[PDB]
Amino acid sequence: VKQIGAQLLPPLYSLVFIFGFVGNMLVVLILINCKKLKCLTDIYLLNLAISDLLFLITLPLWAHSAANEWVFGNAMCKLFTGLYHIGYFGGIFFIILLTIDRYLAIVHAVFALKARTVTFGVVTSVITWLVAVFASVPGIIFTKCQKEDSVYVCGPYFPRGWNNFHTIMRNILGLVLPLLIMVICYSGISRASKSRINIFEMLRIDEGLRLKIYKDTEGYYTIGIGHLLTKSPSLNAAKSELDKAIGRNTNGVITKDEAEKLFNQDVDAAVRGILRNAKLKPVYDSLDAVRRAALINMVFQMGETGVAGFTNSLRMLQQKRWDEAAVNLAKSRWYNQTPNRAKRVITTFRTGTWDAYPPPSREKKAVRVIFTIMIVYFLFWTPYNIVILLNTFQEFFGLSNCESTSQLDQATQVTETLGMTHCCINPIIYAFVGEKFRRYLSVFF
């Protein structure tokens, strides 16, 4: 096999090195000089880029050894084995973190939004690098520089039991764990909604989204998704009430996530009020999560006193007569005064679906990117994980032969070579799938 390796590995690894280095370097430059590392997700992508770099800087040494032999010493051997493993495990770990993060985001997990901070990022990133190191320790310890058949090699020399342990450990952290994580996420996504629409999207369309302190048509002061600040002229009074509700010096400006944080506080407060009203409680209890949202929508607009005015319609809703309740609501004063908003609320109540509203785009496009990242990772590293599992545990089960181990080694070499060419793929996936990344490239050039 060595003959083929000397002709193929040096140009292959060199080409991978060139594309991967400038690729992940561009990713880092963007995250620092365009995104400025302000978001939690910017931290993970930064560490993911670092993982690939830590990996591919080792390529020139592996390619040189294939052409000649290992000449850098034992200490250098254990060092680059460390970068090789740490870069690898760090890679898949930070892909999983991003996978979870963007999953929780499209389901609008409240605690995840409250956790979406650079502080939470730095901490969990430090722990992630630790686990990556501890998973690299066995590889480092039993890897040495030794003269085999009058040729120097930087290779692994595990005892019988330790090679078995290392194999199953690698398969868990690099296959079983990510696979399970992804299944959880796919399930949680498909169970939330088929249209991926939450109450957040609904009231964002109907009530709007204020990033700057907005003066109501009457004279009231609002912010975010329909949040009353005060009812009196002074904008200083408005800023005063807002700066208290956030805990920050806002100067009358809010951020998108701060809006949803406020929004969540207003939703459960509305639900709290509904479940405390004698006429709204039995209706609310007989409704599913979709039609309940439409009721919260009406409370968001007219208040519980106003919603309680629809005595007829409420009873019909309470009795699951959607069609008839829909028609009756189209005759109300509320309907004729604000027809377009009412119409799509009436539809929600009638059909019990989000068909009256447009689905989220960027939220879906986000999980499209990160799931693709992980699927492609699987493509590149799964054939290696399996063939070494066969070459370890299940070679005792069956598959036994004299030329077996030799051929299983060949397959191990080839598949690992395949996996080693993955450290240059992520930035390419960004450019092909991710629209924000291409936008960052447009302003870079």
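In case it trips you up, residue 1 is the first one in the sequence shown, and so on.
Stretch comparison (364-372 versus 299-307) by mean CA B-factor in the PDB entry places 299-307 on top. The PDB entry records a higher mean C-alpha B factor for 387-395 than for its counterpart among 387-395 and 35-43. Sorting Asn264, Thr124, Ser286, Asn251 by the CA temperature factor given in the entry leaves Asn251 at the top. In this entry, the residue among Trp129, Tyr214, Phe94, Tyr103 with the greatest C-alpha B factor is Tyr214. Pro427: CA B factor lies in the lowest third for its chain, per the PDB record.
The entry lists a Cα temperature factor for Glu201 that places it in the lowest third of the chain's modelled residues.
Ranked by Cα temperature factor within the chain, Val271 sits in the middle third according to the deposited record. In the PDB entry, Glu416 places in the lowest third of its chain by CA B-factor. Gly219 sits in the highest third of its chain by CA B factor, as recorded in the PDB entry.
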